[PDB]
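The next block holds one structure in the form of structure tokens; read it before the comments.
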Amino acid sequence: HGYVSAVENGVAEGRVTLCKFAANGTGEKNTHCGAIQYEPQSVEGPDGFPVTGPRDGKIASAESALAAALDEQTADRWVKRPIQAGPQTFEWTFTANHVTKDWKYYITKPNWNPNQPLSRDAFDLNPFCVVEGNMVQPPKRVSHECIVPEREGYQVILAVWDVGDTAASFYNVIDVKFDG
Ligand SMILES: [Cu+2]
Ligand SMILES: [Zn+2]
Ligand SMILES: [Zn+2]
Ligand SMILES: [Zn+2]
Ligand SMILES: [Zn+2]
């Protein structure tokens, strides 16, 4: 159980995180998140993305009933956090810091459709950033350096935390805004 945060040096909070915690600087929160807003750490779903894992249209929720609200996808739906290309630090907070296989970060294709539910077609399915967890428990807050690709405007980053001793993973989409 954990979520992408911006308490120490993280660049951008997860979508689900912003249902509970105000964004740095702007103070913005996501709304109408449903029951997951109580527990943004709980976006757990099937292992094996992208070959298996959550099916198209249920990536953002990870097929969680509590988190079904997160699958909505429009231009106006979610709080966007500024980002730039190049080195950036991603952060996780874990309420339950499970033994970890790895963390993987995926970004939307430039011309992804921000008004359709997320699907594999929307993403570059080759992670732009992979951090190994080595089947040990991480600390309860961690930071990951990632080299982020160029994009213009609104892009989504899918952060996947793969638990090392179970057939589950945690899935946190991040709504980001590049310049342009
Ligand atoms: Cu957990
Ligand atoms: Zn796995
Ligand atoms: Zn549509
Ligand atoms: Zn690529
Ligand atoms: Zn679990």
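All residue numbers in this chain count up from 1 along the given sequence.
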Trace of the ring-ring contact (aromatic ring centres under 6.0 Å, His included) decision for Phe123 with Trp112: CA-CA 7 Å; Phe123 283 99; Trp112 77 288; 7.7 Å; no
query: Using the ring of each side chain (for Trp, its six-membered ring), is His144 parallel, tilted or perpendicular to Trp103, with breaks at 30° and 60°?
result: tilted
message: List the residues meeting side-chain hydrogen bond (donor to acceptor under 3.5 Å, both in side chains) with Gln116, not counting sequence neighbours, and say none if there are none.
response: none
field: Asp124: partners by side-chain hydrogen bond (donor to acceptor under 3.5 Å, both in side chains), with sequence neighbours left out
entry: none
Side-chain heavy-atom pair [X], [Y] within 4.5 angstrom cut-off:
| X | Y | result |
| --- | --- | --- |
| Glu132 | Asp102 | yes |
| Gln73 | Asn113 | no |
| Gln155 | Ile83 | no |

- request: From the options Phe90, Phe49, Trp92, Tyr171, select the one residue that forms a ring-ring contact (aromatic ring centres under 6.0 Å, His included) with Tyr105.
  value: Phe90
task: Just do the side chain to side chain contact (heavy atoms under 4.5 Å, CB included) check on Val99 and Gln137 with the steps written out, would you?
output: CA-CA 4 Å; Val99 166; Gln137 294 185 262; 4.0 Å; yes
- request: Test side chain to side chain contact (heavy atoms under 4.5 Å, CB included) on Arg151 and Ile107 and set out the steps.
  value: CA-CA 9 Å; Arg151 292 282 191 278; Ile107 192 163; 3.7 Å; yes
message: Between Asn9 and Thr89, does the side-chain hydrogen bond (donor to acceptor under 3.5 Å, both in side chains) criterion hold? Intermediate values first, please.
response: CA-CA 7 Å; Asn9 51 6; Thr89 299; 4.8 Å; no
message: Among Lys58, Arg77, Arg15, exactly one meets salt bridge (charged side-chain N to carboxylate O under 4.0 Å, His left out) together with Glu72. Which residue is that?
response: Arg77
query: Should the heavy atoms of other residues, nucleotides or ligands under 6.0 Å from CD of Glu150 be counted, would the total exceed 12?
result: no
